[PDB]
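Chains as they are written, first to last, in the deposited numbering: chain A, 286 to 486; chain D, 2 to 385, 532 to 548, 568 to 676; chain C, 511 to 573.
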Amino acid sequence: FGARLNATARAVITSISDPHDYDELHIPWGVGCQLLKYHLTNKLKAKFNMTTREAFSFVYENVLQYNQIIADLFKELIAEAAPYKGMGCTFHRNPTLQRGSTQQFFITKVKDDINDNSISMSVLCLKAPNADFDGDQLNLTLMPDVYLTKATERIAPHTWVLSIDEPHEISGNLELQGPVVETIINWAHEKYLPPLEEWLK
Amino acid sequence: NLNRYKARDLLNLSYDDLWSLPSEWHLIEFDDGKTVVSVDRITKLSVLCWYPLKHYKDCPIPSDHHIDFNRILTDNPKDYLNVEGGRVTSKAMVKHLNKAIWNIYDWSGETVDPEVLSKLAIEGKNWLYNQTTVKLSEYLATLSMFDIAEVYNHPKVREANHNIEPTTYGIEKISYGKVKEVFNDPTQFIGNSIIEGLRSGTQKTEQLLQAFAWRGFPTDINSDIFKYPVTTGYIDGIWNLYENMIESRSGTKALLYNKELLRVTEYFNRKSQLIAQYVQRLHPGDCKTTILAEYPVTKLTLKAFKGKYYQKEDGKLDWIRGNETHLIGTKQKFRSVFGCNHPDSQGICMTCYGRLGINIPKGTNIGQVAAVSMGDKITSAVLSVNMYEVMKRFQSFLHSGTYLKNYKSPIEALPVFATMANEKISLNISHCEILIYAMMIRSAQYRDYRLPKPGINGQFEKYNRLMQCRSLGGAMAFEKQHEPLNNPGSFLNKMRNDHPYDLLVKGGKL
Amino acid sequence: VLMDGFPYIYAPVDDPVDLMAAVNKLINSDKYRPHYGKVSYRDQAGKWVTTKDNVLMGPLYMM
Ligand SMILES: [Zn+2]
Numbered sequence: 286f287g288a289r290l291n292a293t294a295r296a297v298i299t300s301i302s303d304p305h306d307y308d309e310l311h312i313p314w315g316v317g318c319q320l321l322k323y324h325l326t327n328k329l330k331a332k333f334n335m336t337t338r339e340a341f342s343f344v345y346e347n348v349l350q351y352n353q354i355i356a357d358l359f360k361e362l363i364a365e366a367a368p369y370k371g372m373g374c375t376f377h378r379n380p381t382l383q384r385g386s387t388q389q390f391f392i393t394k395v396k397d398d399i400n401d402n403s404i405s406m407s408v409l410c411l412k413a414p415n416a417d418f419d420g421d422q423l424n425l426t427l428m429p430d431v432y433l434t435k436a437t438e439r440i441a442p443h444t445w446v447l448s449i450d451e452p453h454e455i456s457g458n459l460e461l462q463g464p465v466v467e468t469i470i471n472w473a474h475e476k477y478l479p480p481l482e483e484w485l486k
Numbered sequence: 002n003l004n005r006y007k008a009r010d011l012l013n014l015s016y017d018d019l020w021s022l023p024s025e026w027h028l029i030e031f032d033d034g035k036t037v038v039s040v041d042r043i044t045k046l047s048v049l050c051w052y053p054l055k056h057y058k059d060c061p062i063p064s065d066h067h068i069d070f071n072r073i074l075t076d077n078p079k080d081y082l083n084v085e086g087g088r089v090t091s092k093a094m095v096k097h098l099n100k101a102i103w104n105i106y107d108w109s110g111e112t113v114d115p116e117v118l119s120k121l122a123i124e125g126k127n128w129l130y131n132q133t134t135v136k137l138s139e140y141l142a143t144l145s146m147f148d149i150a151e152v153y154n155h156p157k158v159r160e161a162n163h164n165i166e167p168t169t170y171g172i173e174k175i176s177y178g179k180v181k182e183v184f185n186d187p188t189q190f191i192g193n194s195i196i197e198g199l200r201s202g203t204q205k206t207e208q209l210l211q212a213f214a215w216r217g218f219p220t221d222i223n224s225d226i227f228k229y230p231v232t233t234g235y236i237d238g239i240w241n242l243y244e245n246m247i248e249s250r251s252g253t254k255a256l257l258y259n260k261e262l263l264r265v266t267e268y269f270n271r272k273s274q275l276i277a278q279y280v281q282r283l284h285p286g287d288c289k290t291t292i293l294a295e296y297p298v299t300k301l302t303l304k305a306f307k308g309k310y311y312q313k314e315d316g317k318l319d320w321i322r323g324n325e326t327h328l329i330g331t332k333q334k335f336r337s338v339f340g341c342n343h344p345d346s347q348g349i350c351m352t353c354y355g356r357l358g359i360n361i362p363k364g365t366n367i368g369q370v371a372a373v374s375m376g377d378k379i380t381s382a383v384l385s532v533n534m535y536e537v538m539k540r541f542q543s544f545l546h547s548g568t569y570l571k572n573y574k575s576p577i578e579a580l581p582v583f584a585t586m587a588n589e590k591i592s593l594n595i596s597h598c599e600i601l602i603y604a605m606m607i608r609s610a611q612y613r614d615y616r617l618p619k620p621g622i623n624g625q626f627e628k629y630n631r632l633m634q635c636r637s638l639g640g641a642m643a644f645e646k647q648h649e650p651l652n653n654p655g656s657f658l659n660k661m662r663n664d665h666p667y668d669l670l671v672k673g674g675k676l
Numbered sequence: 511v512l513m514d515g516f517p518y519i520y521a522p523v524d525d526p527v528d529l530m531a532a533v534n535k536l537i538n539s540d541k542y543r544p545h546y547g548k549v550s551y552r553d554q555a556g557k558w559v560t561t562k563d564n565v566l567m568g569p570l571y572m573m
């Protein structure tokens with residue numbers, strides 16, 4: 286009833302606070318090179334006429350340093366996952382109790398800075414797994430084909446939106462974070478207009 | 002004066018056009034015939050919460066969708082000239098998104114897939130985050146000692162720190178009462194970062210009172226209280242040995258043996274989930290059963306009955322909306338899980354389950370949902532009368548070691583469990599019925615441990631006997647896997663229910 | 511002080527000072543009132559913006 290799976294990764298997490306899609310994931314450079322070893326080897330052999338020995342040597346050589354050729358291949362792999370946004374994967378948070386501790390995301394970007402060894406996560410999907418940034422190592426599992434990508438759609442982030450406690454209600458997991466709310470109320474509830482009685486004169 | 006806009010017209014604007022509306026008071030005209038007087042910023046926020054309605058052009062927009070829905074323009078000017086509108090909170094924004102999706106669901110005649118609406122809701126929240134964080138980059142909130150001085154220097158706050166009886170009554174009720182009165186006045190602390198967050202739910206009064214008023218009585222590690230209180234707040238500081246030391250015991254109390262708590266909660270969650278999984282499918286529709294269930298309705302369980310279909314007078318079905326106070330103290334005939342006649346030997350229909358089944362994603366194990374809902378609330382309370536005793540009490544009742571096996575019918579046992587569960591946590595009746603139903607067997611005499619159909623023709627059984635005699639696949643996943651292998655009954659051809667773990671025992675073969 | 515650009519402050523744990531009384535003195539002072547104004551920064555959209563509220567900048571010991 287359990288296993289140590291192949292094609293997996295494990296790292297700490299950070300946030301995607303810039304404008305983004307809620308179901309996209311950014312993985313660090315080092316994780317991308319080792320996880321996508323055979324995807325890159327396929328591209329290197331075809332495009333650059335490398336042998337298998339040369340391709341394996343090329344990939345392992347550039348795990349700890351940035352390489353422009355590898356970076357171009359990463360985008361080509363992501364762009365070739367159409368019509369999906371990226372490469373399907375599942376992110377697990379422990380302990381696993383509720384739907385939300387296991388979510389399906391799409392890898393859409395490999396970070397170009399090698400000093401960042403964290404998986405950037407959307408800020409809109411942090412409440413459901415009760416995930417925080419204080420030493421939380423999450424488990425990533427790459428989906429090998431399209432058949433499993435469709436199967437793991439059942440745990441997409443939108444599947445925990447509707448509350449399971451009270452009918453016709455949206456779960457509290459969808460509520461915005463503190464810093465964003467403070468900005469909005471600083472704008473909406475400002476006394477920037479005269480009272481309505483004075484407005485009518 | 003007082004430019005007039007149409008609700009649907011505003012929703013059709015592009016984002017650049019919406020943010021370009023003038024700073025003014027205006028009238029928003031809705032499809033229900035009413036009009037709302039408000040300002041542009043509240044209107045702009047409300048339109049962003051109407052995103053699901055963008056995909057359905059013919060759905061009317063009633064006036065309650067607007068945030069300031071209480072300021073309705075009427076003939077008498079004394080009804081809107083000095084009316085205070087709603088307060089923007091993270092919960093309020095979610096509620097207006099909730100209103101939009103269920104307005105679409107009702108208008109469509111309950112024909113739109115709820116999974117489609119759930120996708121629209123999160124997408125709408127995503128669009129709200131993208132637009133607000135970019136357009137409102139000039140309206141960041143800040144904190145400094147300047148904000149602290151504003152609240153600290155208020156005359157009434159400074160009077161709730163002097164001439165106080167050093168007792169529980171003098172501090173927690175009189176002194177704390179005065180500060181709460183000041184913080185709740187809408188005319189005080191206008192534009193203050195700390196107070197504005199408190200009104201919108203960002204802050205909480207419990208922490209603020211211990212900061213601006215007297216700290217109070219901390220307890221020792223054995224939950225024993227001290228005779229003398231802490232006569233100062235956090236902002237001023239605690240600089241004497243006695244009060245500082247007793248305050249430290251709170252930090253000691255914060256760190257406890259959560260490792261044991263994690264071990265116990267994990268074991269409890271695993272145990273309940275394994276047995277609950279025997280109730281698998283939830284089919285939409287109505288089974289047309291004449292079997293109803295008579296349940297008392299009380300003030301404690303009225304909220305737990307939301308979504309349950311009950312037969313009112315003249316023989317028609319209506320569902321509890323949660324505010325039927327006139328039903329308290331009476332007995333109604335409910336459509337119940339125990340009365341279902343669905344052909345599926347491990348499934349029930351939507352009507353018997355209740356309206357809460359609309360929210361469940363398609364194809365989900367309904368038994369696991371009930372166990373997760375109960376486990377989530379208990380685990381949250383236990384980790385954050533002890534709730535550990537509460538968890539042990541629920542476990543002993545359901546698993547029969568005042569045990570569930572004592573009762574002769576499920577109908578008589580549900581109110582007892584519902585009252586027990588809803589006294590500490592909040593558990594829906596639909597979840598309560600599923601958990602009780604999982605512990606039912608057809609015939610103990612003939613050792614038929616399958617679920618009974620309908621559920622009123624069955625009996626109760628202990629947890630240990632059920633986990634070892636229903637299906638060997640489920641048995642191989644709990645404890646003492648050697649014992650079922652020795653049981654002579656395991657080798658006799660019987661009709662048995664199946665468990666989700668059956669496939670993994672065979673490695674995937676069928 | 512001029513060379514360092516900062517007056518180092520000795521603050522013993524048993525200092526007999528009313529903290530909020532000292533804060534009130536600084537705010538109401540014509541000499542030692544800290545500068546309290548707007549700040550400018552480049553947002554996540556690449557636009558140079560300035561805040562509507564007054565923002566105070568101060569030091570913190572970080573590790
Ligand atoms: Zn039914």
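All residues carry an ideal CB built from backbone N, CA and C; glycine is no exception.
Chain D contact for residue i (CB, 8 Å cutoff)
| i | result |
| --- | --- |
| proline 313 (chain A) | no |
| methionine 530 (chain C) | yes |
| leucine 485 (chain A) | yes |
| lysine 535 (chain C) | no |
| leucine 427 (chain A) | no |
| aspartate 553 (chain C) | yes |
| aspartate 514 (chain C) | no |
Proximity test, Cβ basis, 8 Å: residue i and chain C
| i | result |
| --- | --- |
| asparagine 71 (chain D) | no |
| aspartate 308 (chain A) | no |
| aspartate 303 (chain A) | yes |
DSSP beta-bridge partners of residue i
| i | result |
| --- | --- |
| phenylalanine 227 (chain D) | Note: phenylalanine 227 (chain D) sits in no beta bridge, so no partner. |
| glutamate 295 (chain D) | D:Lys334 |
| residue 455 (chain C) | There is simply no residue 455 (chain C) to check, as chain C begins at 511 and stops at 573 in what is shown. |
| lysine 7 (chain D) | D:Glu30 |
| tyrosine 311 (chain D) | D:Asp319, D:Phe335 |
| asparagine 424 (chain A) | A:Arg295, A:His377 |
| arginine 552 (chain C) | C:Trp558 |
| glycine 547 (chain C) | C:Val565 |
| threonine 36 (chain D) | D:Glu30 |
C-alpha gap between residue i and residue j, whole angstroms
| i | j | result |
| --- | --- | --- |
| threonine 561 (chain C) | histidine 56 (chain D) | 36 Å |
| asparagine 127 (chain D) | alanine 364 (chain A) | 23 Å |
| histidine 327 (chain D) | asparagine 360 (chain D) | 27 Å |
| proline 156 (chain D) | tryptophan 558 (chain C) | 41 Å |
| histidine 284 (chain D) | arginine 356 (chain D) | 12 Å |
| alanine 212 (chain D) | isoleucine 226 (chain D) | 20 Å |
| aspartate 69 (chain D) | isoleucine 367 (chain D) | 39 Å |
| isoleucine 469 (chain A) | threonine 133 (chain D) | 7 Å |
| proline 297 (chain D) | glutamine 333 (chain D) | 7 Å |
Beta-carbon contacts of residue i that lie in its chain and below 7 Å, excluding the five residues immediately before and after
| i | result |
| --- | --- |
| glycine 171 (chain D) | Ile165 |
| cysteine 598 (chain D) | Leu580, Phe583, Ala584, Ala587 |
| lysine 435 (chain A) | none |
| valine 383 (chain D) | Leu262, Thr266, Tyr535, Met538 |
| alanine 122 (chain D) | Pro53, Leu98, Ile102 |
beta-carbon residue i near ligand 2 non-hydrogen atom, thresh 7 Å
| i | result |
| --- | --- |
| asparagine 623 (chain D) | Among the ligands modelled here, namely ligand 1, ligand 2 does not occur. |
Residue-level contact to chain A via CB, residue i, 8 Å cutoff
| i | result |
| --- | --- |
| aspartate 377 (chain D) | yes |
| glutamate 197 (chain D) | yes |
Cβ-Cβ separation, residue j to residue i (assumed contact under 8 Å), whole Å
| i | j | result |
| --- | --- | --- |
| residue 1 (chain D) | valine 152 (chain D) | Because chain D here runs from 2 to 676, residue 1 (chain D) falls outside it and cannot be looked at. |
| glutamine 634 (chain D) | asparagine 653 (chain D) | 7 Å |
| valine 180 (chain D) | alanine 214 (chain D) | 5 Å |
| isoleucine 455 (chain A) | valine 446 (chain A) | 6 Å |
| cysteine 374 (chain A) | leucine 310 (chain A) | 7 Å |
| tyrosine 140 (chain D) | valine 465 (chain A) | Actually they are not in contact, since the Cβ atoms of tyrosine 140 (chain D) and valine 465 (chain A) sit about 11 Å apart, beyond 8 Å. |
Neighbourhood of residue i by C-beta distance below 6 Å, restricted to the same chain and skipping five residues each side
| i | result |
| --- | --- |
| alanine 340 (chain A) | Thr326, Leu329, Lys330 |
Same chain, Cβ closer than 8 Å to residue i, five either side skipped, listed in chain order
| i | result |
| --- | --- |
| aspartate 421 (chain A) | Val297, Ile298, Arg378 |
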